[PDB]
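Remarks on the structure that follows.
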2 protein chains.
Amino acid sequence: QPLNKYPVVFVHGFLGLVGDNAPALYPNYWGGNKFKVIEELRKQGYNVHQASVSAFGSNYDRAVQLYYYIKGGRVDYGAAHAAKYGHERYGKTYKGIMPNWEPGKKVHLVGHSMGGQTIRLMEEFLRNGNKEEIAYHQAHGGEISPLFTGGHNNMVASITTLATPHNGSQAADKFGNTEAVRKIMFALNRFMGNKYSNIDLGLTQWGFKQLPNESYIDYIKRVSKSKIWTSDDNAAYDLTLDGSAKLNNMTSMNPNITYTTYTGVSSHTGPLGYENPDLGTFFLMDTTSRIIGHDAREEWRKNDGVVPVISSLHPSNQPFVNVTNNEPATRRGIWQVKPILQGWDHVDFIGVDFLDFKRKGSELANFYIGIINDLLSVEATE
Amino acid sequence: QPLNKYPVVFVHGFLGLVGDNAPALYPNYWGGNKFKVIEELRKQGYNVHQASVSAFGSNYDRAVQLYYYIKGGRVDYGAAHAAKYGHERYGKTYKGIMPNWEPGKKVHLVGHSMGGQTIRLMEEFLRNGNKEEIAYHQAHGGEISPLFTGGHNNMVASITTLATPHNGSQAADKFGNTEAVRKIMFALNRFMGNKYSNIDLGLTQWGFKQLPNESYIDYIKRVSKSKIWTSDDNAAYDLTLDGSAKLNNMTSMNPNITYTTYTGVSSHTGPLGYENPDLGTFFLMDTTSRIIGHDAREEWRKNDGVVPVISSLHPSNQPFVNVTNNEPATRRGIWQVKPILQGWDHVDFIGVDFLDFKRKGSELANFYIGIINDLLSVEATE
Ligand SMILES: */C(=C/CCCCCCCCCCC)CCCCC(=O)O
Ligand SMILES: */C(=C/CCCCCCCCCCC)CCCCC(=O)O
Ligand SMILES: CCCCCCCCCCCC(=O)O
Ligand SMILES: CCCCCCCCCCCC(=O)O
Ligand SMILES: CCCCCCCCCCCC(=O)O
Ligand SMILES: CCCCCCCCCCCC(=O)O
Ligand SMILES: CCCCCCCC(=O)O
Ligand SMILES: CCCCCCCC(=O)O
Ligand SMILES: CCCCCCCC(=O)O
Ligand SMILES: CCCCCCCC(=O)O
Ligand SMILES: CCCCCC(=O)O
Ligand SMILES: CCCCCC(=O)O
Ligand SMILES: CCCCCC(=O)O
Ligand SMILES: [Ca+2]
Ligand SMILES: [Ca+2]
Ligand SMILES: [Cl-]
Ligand SMILES: [Cl-]
Ligand SMILES: [Cl-]
Ligand SMILES: [Cl-]
Ligand SMILES: [Mg+2]
Ligand SMILES: [Zn+2]
Ligand SMILES: [Zn+2]
């Protein structure tokens, strides 16, 4: 029936809310009003889906949630992980988009922003498992999630990343992960955990769900005891240079997977050799762009608004090849780095920059159809 | 000891709220965050003020309110007018900025957008009065407002208009004044009349003030009987081509007043000869710009976002002279039309376009100081 033999799963980044979990008024994550990725690709005969995972949680938590979003079942973060970081072991339960997912039935994974990192970690778990959970279950018995066992291959065909901070971002180090802004983020999470809330911002495993008979005052008191306030097990930490390097250090290339990256630049060189945001950078990224663009290290300056070029091209010290727009992107086991998209800021990739008239719907349609063509090529050359 | 002998009164347009009457979060009308007109001009030693008049009412109602804002006292719309249109005769009461205002003590009037029309009408009333009110008080006795008497000269030194729709706008004819959008406007007025409201949107004379012990249900029922819903005595009507022509037809040049206009363009010619909004036009004016720019009559196309050039230059039936940036603007009795400001949309005149980095604070400062210099020169050449 579908043109693509393997389902495409699109994985949103940090802050992203999709589908039923998006607020009453809120942008459509995958394509804005410019090109409705899920709906349009379906109309054209492709089998595609948008994952829904934690908007504020760690790559770890998100990767576990991604697994269950696909397979179905009750999210299990692992006994060792839960005990180490101080959050619930078990989380939400998903219906599952492919309940028969197993070695032999493959999926294509495309990640925007942090979605790119989350995808890598989950493949890591399928192939190699999670050593601390393996050790924990050896020592103490119990059940261990099949996600943490290792030895599950032939499950992902491709990893494509768009504006992913593979090497982290200074906008995290110098803003997102500061004490003041973690508190803002966590307060937002506390609030949207109130008993009248219909949206899940992705930190309920830390206690941010008010009980039906609990007063707001008691709720405040209870969740102020949570480890979230001081933990590194959250998105803010993971998006830092250190946080991203840690993930780089525990990932490896899978020789059967087709890897490809896209990167935008939306800054220009000023006097002194610093980078400033172009007119047309979505305005909410103006200051973050300046922070990145005024780095002491010249090669860390050019950026898409919130992620520097050098972070998006590929994980540093993993094998890559610079590739053309025209040739097949069909090499396995190596990061195929696509030519930089000039004038594309971080959110132009997902079409939500309603202020930017240079970035047209028809252009974004071509961009997505291009990705699908590459995916079709991957299928054709097994 | 102010540098200017005559006080400068700035008069906002349609939708504008100022001072204490602005919502919790709302732009600073005169200068945005780019150049604080009132505060900065005061620091430099000028006596300036921002009038506060109805945001949604007619030029008539606004012009009465302007009079009382300056002179002080209880707003009196006139018995004949009240009876003809179906609203209260009396309105709010103002402290007065110049309680001694009379022939001999003059004021300079500068109006943005509809503010420009309001200023013309008020001076018309001072000089020539209101014949229907004169006739009504002849027939029925009682008190008549001094504003309606006629014979008051030597009270206004200058009339300067910025992006004023002297000849109306299609954005009114084809949108603002349609049935569906009048209802939206009136509903907003109804709501902001509720008993917890601290802001006056300028239509309480029509009944839109909920009583302290009245239920919302009863309020809805009462104000649905108001004539507002079908009247032309409102801003939406007055901003139309017909509405503006009517005002033109009943105003005249005062030979002792210095008249000057400014106009912006923020559209560009497309291949068919239609006008489209520049990048940089405040995005809320995007559609209104297209509507104006696709007019059948070519000379009605170029626009500032919501006002076509032909409308802003000067009232079409009144004398004008095209003037240079450098000529002293000291001619009396004729509209001195200042050269068009390229790239300035409707709201760039008041500095509220936070999305437009090409329009800097220092530019806006020069523009306002320019106006003051012209006003100073009007004083110097009596
Ligand atoms: C996904 C991740 C990359 C961003 C790295 C920068 C961290 C700065 C944090 C600011 C904190 C605000 C409380 C990007 C997904 C974008 C989706 C959207 O804009 O809706
Ligand atoms: C003052 C007058 C220019 C109005 C032109 C035409 C009417 C368009 C309809 C809008 C519909 C309302 C729902 C402009 C002063 C603007 C001030 C501000 O935006 O703060
Ligand atoms: C639009 C932002 C509104 C202002 C936020 C102030 C409240 C700070 C933190 C609130 C925490 C909570 O309600 O649980
Ligand atoms: C005493 C417990 C407090 C309950 C949570 C407060 C929720 C605030 C917002 C609710 C909005 C609504 O009810 O529609
Ligand atoms: C941004 C808020 C928009 C909500 C619009 C719905 C309300 C329609 C009419 C309400 C009239 C009234 O409450 O008197
Ligand atoms: C009979 C009901 C009349 C009062 C309803 C007015 C609605 C205003 C809501 C604003 C809430 C507040 O700040 O109290
Ligand atoms: C402004 C808050 C309104 C709803 C509060 C519900 C009360 C409760 O939790 O018992
Ligand atoms: C040059 C070595 C590449 C791997 C061979 C894959 C065979 C195929 O085309 O299915
Ligand atoms: C909840 C408060 C709403 C304020 C409406 C202001 C409209 C205007 O700009 O004229
Ligand atoms: C959602 C409405 C909250 C305010 C209650 C109105 C009070 C009253 O007039 O009785
Ligand atoms: C009430 C709206 C929630 C904000 C969701 C976000 O910023 O990801
Ligand atoms: C133009 C802005 C209006 C919003 C008014 C408020 O939320 O208080
Ligand atoms: C002046 C306000 C008009 C809003 C119309 C639009 O957003 O297309
Ligand atoms: Ca952009
Ligand atoms: Ca502008
Ligand atoms: Cl499995
Ligand atoms: Cl929730
Ligand atoms: Cl008088
Ligand atoms: Cl009021
Ligand atoms: Mg919901
Ligand atoms: Zn965790
Ligand atoms: Zn009236």
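Residues are referred to by chain and number: the chain letter is A, B, ... according to the order shown in the structure tokens, the number counts from 1 in that chain, and ligands are numbered separately from 1 in the order shown.
Proximal residues of ligand 10 are residues 194, 195, 196, 210, 211, 212, 213, 214, 215 and 216 of chain B, by a cut-off of 10 Å on only C-alpha atoms and all ligand atoms.
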Cut-off 9 Å, only C-alpha atoms and all ligand atoms, neighbours of ligand 3 as an mmCIF file with C-alpha atoms, in the first residue's frame:
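Contents of result38.cif, freshly written:
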data_model
loop_
_atom_site.group_PDB
_atom_site.id
_atom_site.type_symbol
_atom_site.label_atom_id
_atom_site.label_comp_id
_atom_site.auth_asym_id
_atom_site.auth_seq_id
_atom_site.Cartn_x
_atom_site.Cartn_y
_atom_site.Cartn_z
ATOM 1 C CA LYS A 183 13.770 27.678 37.649
ATOM 2 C CA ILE A 184 11.525 29.328 35.022
ATOM 3 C CA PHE A 186 10.573 24.004 36.213
ATOM 4 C CA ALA A 187 7.940 26.453 37.479
ATOM 5 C CA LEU A 188 6.191 26.186 34.068
ATOM 6 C CA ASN A 189 6.306 22.400 34.463
ATOM 7 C CA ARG A 190 4.896 22.661 37.988
ATOM 8 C CA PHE A 191 2.068 24.901 36.825
ATOM 9 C CA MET A 192 1.133 22.780 33.816
ATOM 10 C CA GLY A 193 0.996 19.816 36.199
ATOM 11 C CA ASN A 194 -2.034 21.360 37.977
ATOM 12 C CA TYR A 216 -1.924 23.924 45.175
ATOM 13 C CA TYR A 219 1.603 20.518 45.657
ATOM 14 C CA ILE A 220 4.155 23.349 45.798
#
Atom pair atom CA of residue A:280 / atom CA of residue B:360: separation (Å):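 So the answer is 16.9 Å.
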For residue A:291: contacts at 12 Å, only C-alpha atoms, fewer than 2 positions along chain excluded, given as a ChimeraX atom specification: /A:169-176,267,274-277,285-289,293-296,300-308
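Closest approach to chain B among A:33, A:281, A:256, A:266: A:281, based on only C-alpha atoms.
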Interface residues on chain B facing chain A, 9 Å, only C-alpha atoms, written as a PyMOL selection string: chain B and resi 279+283+355-357
Please write the residues from the selection above to a file, keeping C-alpha atoms, as a PDB file, in the first residue's frame.
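In the end it all went to out-v8.pdb:
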ATOM      1  CA  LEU B 279       9.301  43.012   4.263  1.00  0.00           C
ATOM      2  CA  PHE B 283       2.870  41.955   9.933  1.00  0.00           C
ATOM      3  CA  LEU B 355       9.985  43.679  14.554  1.00  0.00           C
ATOM      4  CA  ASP B 356      11.619  46.267  12.234  1.00  0.00           C
ATOM      5  CA  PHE B 357      15.363  46.794  12.882  1.00  0.00           C
TER       6      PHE B 357
END
Please give me, as a tab-separated table (two decimals) with C-alpha atoms, in the first residue's frame, the residues lying within 9 Å of ligand 20 when counting only C-alpha atoms and all ligand atoms.
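Final file, out_7.tsv:
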chain	number	residue	atom	x	y	z
A	19	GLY	CA	-0.87	16.46	18.18
A	20	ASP	CA	-3.32	16.16	21.09
A	21	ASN	CA	-0.68	17.37	23.56
A	22	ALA	CA	-0.43	20.85	22.07
A	23	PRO	CA	-2.15	23.81	23.82
A	24	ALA	CA	-5.43	25.34	22.64
A	197	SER	CA	-4.16	20.66	32.90
A	198	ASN	CA	-4.57	18.66	29.70
A	199	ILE	CA	-1.00	19.15	28.52
A	200	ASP	CA	2.05	17.08	29.48
Residue list (alpha helix (DSSP H), DSSP) for stretch 127-235 of chain B, as a PyMOL selection string: chain B and resi 127-128+131-140+170-171+179-191+216-223+235
With C-alpha atoms retained, export the selected residues as a short mmCIF file (atom, residue, chain, number, x, y, z; two decimals), in the first residue's frame.
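Generated file (again24.cif):
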data_model
loop_
_atom_site.label_atom_id
_atom_site.label_comp_id
_atom_site.auth_asym_id
_atom_site.auth_seq_id
_atom_site.Cartn_x
_atom_site.Cartn_y
_atom_site.Cartn_z
CA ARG B 127 -13.91 78.76 14.19
CA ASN B 128 -17.36 78.14 12.64
CA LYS B 131 -24.98 74.89 13.06
CA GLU B 132 -27.34 72.08 14.20
CA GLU B 133 -26.44 72.79 17.84
CA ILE B 134 -26.86 76.54 17.31
CA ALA B 135 -30.32 75.95 15.73
CA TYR B 136 -31.37 73.45 18.42
CA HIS B 137 -30.50 75.84 21.29
CA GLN B 138 -32.24 78.70 19.42
CA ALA B 139 -35.38 76.54 19.28
CA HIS B 140 -35.33 74.97 22.75
CA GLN B 170 -10.07 50.94 1.44
CA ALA B 171 -9.00 48.97 4.51
CA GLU B 179 -20.86 44.23 9.44
CA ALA B 180 -18.82 41.30 10.75
CA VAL B 181 -15.92 43.46 11.95
CA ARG B 182 -18.04 46.20 13.48
CA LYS B 183 -19.65 43.45 15.56
CA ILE B 184 -16.20 42.28 16.72
CA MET B 185 -15.25 45.86 17.67
CA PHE B 186 -18.53 46.44 19.51
CA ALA B 187 -18.33 43.15 21.39
CA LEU B 188 -14.82 44.13 22.60
CA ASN B 189 -16.29 47.45 23.76
CA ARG B 190 -19.12 45.61 25.52
CA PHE B 191 -16.69 43.33 27.30
CA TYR B 216 -23.62 40.19 32.57
CA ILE B 217 -26.79 38.62 31.12
CA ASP B 218 -28.82 41.77 31.84
CA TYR B 219 -26.00 43.95 30.48
CA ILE B 220 -25.96 41.97 27.21
CA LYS B 221 -29.74 42.43 26.93
CA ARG B 222 -29.60 46.14 27.70
CA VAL B 223 -26.83 47.15 25.32
CA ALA B 235 -14.59 55.41 13.73
#
Protein and nucleic acid residues within 12 Å of ligand 22 (only C-alpha atoms and all ligand atoms) as number ranges by chain: B: 54, 56-65, 75-91, 202-206, 227-228, 231-235, 238
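The smallest atom-to-atom distance between ligand 17 and any of A:201, A:371, A:309, A:239, using only C-alpha atoms and all ligand atoms, is found for A:201.
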Atom CA of residue B:111 to atom CA of residue B:161, straight-line distance in Å: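 About the pair atom CA of residue B:161 and atom CA of residue B:111: they are 4.9 Å apart.
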For atom CA of residue A:242 and atom 14 (C, counted along the ligand's line) of ligand 1, the interatomic separation in Å (one decimal):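 Atom 14 (C, counted along the ligand's line) of ligand 1 lies 17.6 Å from atom CA of residue A:242.
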